[PDB]
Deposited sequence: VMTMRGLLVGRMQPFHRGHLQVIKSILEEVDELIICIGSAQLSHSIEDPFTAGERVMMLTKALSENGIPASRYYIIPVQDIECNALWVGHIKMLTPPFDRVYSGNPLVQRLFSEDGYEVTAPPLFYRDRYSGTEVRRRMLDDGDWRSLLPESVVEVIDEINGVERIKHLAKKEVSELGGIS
């Protein structure tokens, strides 16, 4: 009955995002997780495709004890009109009641559309910038990710990709 929504680039999905997700799941029955900027891939800032991130999330949420009945994973391309983005999200998702975001634009867009909006319950070393930097510089990127996500990154040759792009 009570459904939350979370949106992030997740480039890549790391232990931080997972902690936040589990924390949100203590307050809602179900969580809709949107992969934002689904159109961006193959850059230093945004290395992975939508599909690759769907894979990461799907595998990570399965490998941790979260029942499938409690979440949805949805890629969302950015669009040119901010005034349409909430409609875009709504079309691509189940009905939802509350939005979790610390981003002022996301907050205000959802808020103007009449949604309840609140900051994530947790703020997280576990950041995507650090993960990507470590992938580039042969640091310990693996320890920042769930093992299921490292397996995705090995399969898709994520490290080699990001190094070539740099």
| Which parts of the deposited sequence have no C-alpha atoms in the model? | 1-2, 127-128, 171-181
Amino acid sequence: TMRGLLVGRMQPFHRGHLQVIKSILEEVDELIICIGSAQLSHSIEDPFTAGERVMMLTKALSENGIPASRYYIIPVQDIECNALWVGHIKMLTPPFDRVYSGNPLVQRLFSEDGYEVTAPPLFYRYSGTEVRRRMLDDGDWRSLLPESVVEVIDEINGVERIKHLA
From here on, numbers count along this sequence of modelled residues.
| Greater mean Cα temperature factor according to the PDB record, 49-57 or 126-134 | 126-134
| task | Would you determine, from the values in the PDB entry, which of 29-37 and 58-66 has the greater average C-alpha temperature factor? | result | 58-66
| remark: For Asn157, the third of its chain by CA B-factor is the middle
| query | Lowest, middle or highest third of the chain for the C-alpha temperature factor of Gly102? | reply | middle
| query | Ranked by Cα temperature factor within the chain, is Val7 in the lowest third, the middle third or the highest third? | reply | middle
| Chain third (lowest, middle, highest) by recorded CA B-factor, residue given as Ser111 | middle
